[PDB]
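Trainee: Residue 2 in PDB author numbering is what sits at position 2 of the sequence shown, and the numbering runs on without skipping anything.
Built from N, CA and C at the ideal position, the CB exists for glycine as well.
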Amino acid sequence: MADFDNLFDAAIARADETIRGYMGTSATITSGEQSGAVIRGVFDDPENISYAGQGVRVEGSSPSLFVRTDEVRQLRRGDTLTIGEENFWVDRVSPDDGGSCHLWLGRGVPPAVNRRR
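(1) Just list the beta strand (DSSP E) runs in the segment 10 to 66, keeping only unbroken ones of 3 residues or longer that don't cross its boundaries, in chain order.
(2) To which residues does DSSP link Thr80 through a beta bridge?
(3) State the Cα-Cα distance for the pair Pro111 and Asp45, rounded to the nearest angstrom.
(4) Check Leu75 in the structure and name its three-state DSSP category.
(5) In chain order, what residues of the same chain have a beta carbon less than 6 Å from the beta carbon of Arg68, not counting five sequence neighbours either side?
(6) With distances taken from CA atoms, which of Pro63, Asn114 and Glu71 is nearest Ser31?
Below, the structure written as structure tokens:
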């Protein structure tokens with residue numbers, strides 16, 4: 001469970017806080033215009049509780065995606081993307097002048113995800 005970690009983790013961090021938080025998400029943008037851009041970022045669901053007591057939310061209705069550059073911004077509506085499972089969709093909005101740095105996604109985690117083992 002714990003091996004090959006420099007040396008220790010008590011009198012070296014001089015902090016001891018904020019450890020959990022595994023990351024490493026890959027998302028790919030494929031639009032009818034210029035499909036061929038791989039971005040990093042994961043899915044976020046405000047609602048949180050997506051198990052029981054659903055069909056209303058009254059708190060979380062749409063999930064956002066966290067990006068680390070400025071490509072998702074270009075991910076204008078009507079663009080399909082693939083992440084991990086290989087399914088990400090731009091839920092963003094643009095009544096006329098699109099360009100919001102909110103990044104609201106719509107997922108459709110399907111079976112086919114190019115597995116290898």
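Mentor: Working from what's here:
(1) 26 to 30 and 37 to 44, all fully within the segment 10 to 66.
(2) Counting from 1 along the sequence shown, the entry for residue 80 is found at position 80. Listed as beta-bridge partners of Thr80 by DSSP are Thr30 and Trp89.
(3) For the purposes of this step, residue 111 is taken as residue 111 along the sequence shown, with counting starting at 1. For the purposes of this step, residue 45 is taken as residue 45 along the sequence shown, with counting starting at 1. Distance between the alpha carbons of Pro111 and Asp45 is about 21 Å.
(4) Here residue 75 corresponds to residue number 75 of the sequence shown, with the count starting at 1. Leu75: coil per DSSP, three-state reduction.
(5) Here residue 68 is taken as the residue at index 68 of the sequence shown, counted from 1. Cβ neighbours of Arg68 beyond the five flanking positions: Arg40.
(6) In the sequence shown, the residue the question calls residue 31 occupies position 31. Ranking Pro63, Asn114 and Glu71 by Cα distance to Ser31 puts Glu71 first.
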